[PDB]
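The primary structure of each chain is shown beneath.
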There are 2 protein chains.
Amino acid sequence: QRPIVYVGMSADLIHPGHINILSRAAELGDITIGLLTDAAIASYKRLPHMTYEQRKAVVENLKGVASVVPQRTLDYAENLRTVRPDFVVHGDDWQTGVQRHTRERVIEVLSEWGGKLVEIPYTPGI
Amino acid sequence: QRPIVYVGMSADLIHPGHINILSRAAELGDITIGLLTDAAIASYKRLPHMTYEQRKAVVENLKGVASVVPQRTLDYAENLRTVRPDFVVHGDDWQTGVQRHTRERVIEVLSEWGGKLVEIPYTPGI
Ligand SMILES: Nc1ccn([C@@H]2O[C@H](COP(=O)(O)OP(=O)(O)CCO)[C@@H](O)[C@H]2O)c(=O)n1
Ligand SMILES: Nc1ccn([C@@H]2O[C@H](COP(=O)(O)OP(=O)(O)CCO)[C@@H](O)[C@H]2O)c(=O)n1
């Protein structure tokens, strides 16, 4: 099969930054969205306005998205070990600040099966 | 070809109500979104936070959407005469209130080539 591309998202309100990520991810293979739960999101930022099921109804309908799975924690390891993607895609915002430790763990965990992180310039102004 | 289904949207922030409309519309054929411009939207409600190009980047990436065209006015006639869709889909909110006259004109204009309006229960609570 095609490679598996894992994309973590809160995705409270979809905007062109998200679309950019998904468009870049689709270049790498079939996208599985790791849709973060309330509890995951609450652990590092403000809770979203929309519920998990509401956010899922939107994101599952974005072009390029093959599957959507819950990501119950900010940390990606448990999901990465289950789905074993070839790629993870994220914006470069998480090189600094609250998600940096989670980013480092994505790189180290993916190395276990030779997966790669691909980072995209964050879309400014939105 | 498949039937052409016209769906008017401001689509400032996509939520499951919109997804429902698009999912119902896709049952009828290939979706063309009439994406309303600022000037169109300003004529009957508050201006959106996102620009036309920002809203288009999102909506063009929704599953089932074949084409996106600007709709420069609240009134649908000019676009309907150009695209000549078999169907128009809208929520039933516009049976009452500010869009009711536009709704009536959709029905009458579509009759010119035997197109039909299909209305969907508005998604409450969002
Ligand atoms: N203006 C923006 C806003 C978001 N993004 C990227 O979208 C992706 C999804 O963002 P979000 O839903 O905020 O998810 P995260 O909180 O980063 C999920 C956990 O890593 C992410 O890769 C982010 O860098 C982006 O590239 N540009
Ligand atoms: N909770 C909601 C919100 C919107 N909708 C439907 O989505 C469609 C798009 O809504 P919007 O982007 O607000 O477009 P309109 O301002 O109605 C476009 C001009 O008719 C429309 O058919 C509306 O009835 C819906 O069915 N349920």
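In case you missed it, the structure is sitting above this.
(A) View of the relation of the copies chain B and chain A. Expressed as a screw transformation, the operator carrying chain B onto chain A has a rotation angle of 180° and an axial translation of 0.0 Å, and the superposed copies differ by an RMSD of 0.0 Å. One copy is carried onto the other by what is essentially a two-fold rotation axis. Residues of chain B ranked by C-alpha distance from the rotation axis are headed by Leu62 of chain B, positioned 2.4 Å from it. When the interface residues of chain B are mapped onto chain A, 100% of them again fall at the interface, so both copies present the same face.

(B) Broad picture of the site of ligand 2. All names here are of chain B. Residues in close proximity to ligand 2 total 19 residues, the closest being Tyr44, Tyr76, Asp93, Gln99 and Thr123. A distance of 2.7 Å separates an oxygen atom of ligand 2 from a polar side-chain atom of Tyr76. Within the side chain of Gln99, a nitrogen or oxygen atom sits 2.7 Å from an oxygen atom of ligand 2. Here ligand 2 has 580 Å² of accessible area as a free molecule, and 95% of this is covered by the chains. Within the residue set of the shell around ligand 2, elements represented by two or more residues are β1 (4-9), α1 (16-26) and β4 (87-91). At three residues, α1 tops the list of elements feeding residues into the shell around ligand 2. Broken down by class, the residue content of the shell around ligand 2 amounts to eight nonpolar, nine polar and two charged.

(C) Highlighting helix α3 (residues 52-59) of chain A. Among the residues making up α3 of chain A, those that are buried are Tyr52, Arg55, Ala57, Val58 and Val59 of chain A. Of the surrounding secondary structure, the elements contacted by the buried residues of α3 of chain A are β1 (4-9), β2 (30-36), α2 (38-42) and β3 (65-71) of chain A together with α1 of chain B.

(D) The site of ligand 1, seen in detail. Residue and element names in this part refer to chain A. Lining the immediate environment of ligand 1, one finds 19 residues, of which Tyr44, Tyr76, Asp93, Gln99 and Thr123 sit closest. Here an oxygen atom of ligand 1 sits 2.7 Å away from a polar atom, N or O, in the side chain of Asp93. At a separation of 2.7 Å, an oxygen atom of ligand 1 approaches a polar side-chain atom of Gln99. For ligand 1, whose free accessible area comes to 580 Å², the fraction covered by protein is 95%. Contributions of two or more residues to the shell around ligand 1 are made by β1, α1 (16-26) and β4 (87-91). The greatest single-element share of the shell around ligand 1, amounting to three residues, is contributed by α1. Tallied by class, the residues present in the shell around ligand 1 amount to eight nonpolar, nine polar and two charged.

(E) Looking closely at the sheet that holds β2 of chain A. All names here are of chain A. Taken in spatial order, the five strands of this open sheet run β3-β2-β1-β4-β5, and their pairing is parallel. Edge positions in the sheet fall to β3 and β5 (116-120), since each of these pairs with one other strand and no more. Looking at each pair of strands side by side, their axes are set apart by 25° on average, direction ignored. Relative to β3, β2 runs parallel, the two being bridged by six bridges. Opposite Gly34, over in β3, you have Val69 as the bridge partner. Here α3 sits on the sheet in contact with β1, β2 and β3, set at roughly 160° to β2.

Definitions and cut-offs
Residues numbered from 1 in each chain as written, not as in the entry; some residues may be left out. Chains lettered and ligands numbered in written order. Heavy atoms only, no water. Least-squares fit on C-alpha atoms. Contact = heavy atoms within 4.5 Å. Near = heavy atom within 4 Å. Polar contact = N/O pair within 3.5 Å; in protein donor to acceptor, adjacent residues only side chain to side chain. Areas by Shrake-Rupley, 256 points an atom, 1.4 Å probe, with all protein chains shown as cover. Helix = DSSP H or I, 4+ residues; strand = E, 2+ residues; numbered from the N terminus. Nonpolar A, V, L, I, M, F, W, Y, C, P; charged D, E, K, R; others polar. Buried < 20%, exposed > 50% of the residue type's maximum accessible area, 1.4 Å probe, protein only. Pairing = 2+ DSSP bridges. Axes fitted to C-alpha atoms, helices over the stretch in contact; angles between N-to-C directions.

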